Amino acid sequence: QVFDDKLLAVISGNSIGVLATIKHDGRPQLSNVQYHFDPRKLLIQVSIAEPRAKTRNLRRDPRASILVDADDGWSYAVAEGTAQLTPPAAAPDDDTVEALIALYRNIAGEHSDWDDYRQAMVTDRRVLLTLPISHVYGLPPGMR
């Protein structure tokens, strides 16, 4: 839809969002995440680390939402989906680290020392979060 494309435009137009996961007690857990939006596949990809609260929540209940703010700093879009998570990075060139490399390119371009990047992924036990967008809602720029 034109709408909603106005919401996706808010998502494709930014890189920082509020990730919302579900605590064991059922209430939301919120944090900021950097992301890359794949408009062709309608995916949102995030790099997260195994021992963080957001990761543990998602392994337990894969349902995730991301709110992205528009340029006006008023309006917003929220993407919902069911997260898919890679295993944590365990070797400097396993498929997980390879995917995180591709993610960092999409977000930040060419890395200074890729080999250190590779080692940090293993060390910090990084995970690729892939979130297929199954529903969008929000208040697109242009209305009340």
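Note that residue numbering follows the sequence shown and begins at 1.
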Check your understanding: Hey, which bit's got the bigger mean C-alpha B factor in the entry, 105-113 or 81-89?
Key -> 105-113
Check your understanding: Comparing 41-49 with 114-122, which stretch shows the greater average C-alpha B-factor in the deposited entry?
Key -> 114-122
**Study point:** Which of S31, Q34, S65, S75 ranks first by CA B-factor in the deposited coordinates
**Key:** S75
Check your understanding: With respect to C-alpha B-factor, does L100 fall in the lowest, middle or highest third of the chain as deposited?
Key -> lowest
